[PDB]
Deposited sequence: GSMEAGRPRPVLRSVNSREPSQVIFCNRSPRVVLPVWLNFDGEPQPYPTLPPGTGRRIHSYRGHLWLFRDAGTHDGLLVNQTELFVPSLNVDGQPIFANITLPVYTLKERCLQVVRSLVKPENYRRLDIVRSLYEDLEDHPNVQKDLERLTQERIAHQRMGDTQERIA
């Protein structure tokens, strides 16, 4: 424990439905009791699974291959509440509306190797943007800051 974004050791079971409604292979990521990310089995495009979690447990979803961030119920993070009368809680994993600059960045990353990012005819500014690959840790630093700032 101690980081702001971490799962609470509640010991209160919560039944969640993970539904992948994106064209990406989804990687569910669970933040453990010390706020460290843990990978879980992947969900192919269009697949849905009934999974077992607990109250106050933090989740985030990424592209399994590229590590691009995804939305769950139109937002970054997912925390399941209590099962009201044994009803399952639904986690709808969708694709965010990426910025055209970030979406262009993804497509060129999938076609070019990391060693050949400097070989392109693009400006100096875009080499650093292209080398800044998306990861769970940087988006956590941005989120821990955002909710601590709020």
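Counting from residue 1 of the deposited sequence, the stretches lacking C-alpha coordinates in this chain are 1 to 7, 154, 159 to 168.
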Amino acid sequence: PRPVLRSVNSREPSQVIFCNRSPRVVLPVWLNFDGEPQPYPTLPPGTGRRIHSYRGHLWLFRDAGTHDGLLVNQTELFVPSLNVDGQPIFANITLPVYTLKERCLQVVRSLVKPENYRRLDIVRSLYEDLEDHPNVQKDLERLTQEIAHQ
From here on, numbers count along this sequence of modelled residues.
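On average the C-alpha atoms of 122 to 130 have higher B-factors than those of the other stretch, with 19 to 27 and 122 to 130 being the two compared. Two stretches are in play, 109 to 117 and 35 to 43, and the higher mean C-alpha B-factor belongs to 109 to 117. Of the candidates 91, 60, 84, 97, it is 84 whose Cα B-factor is highest according to the PDB record.
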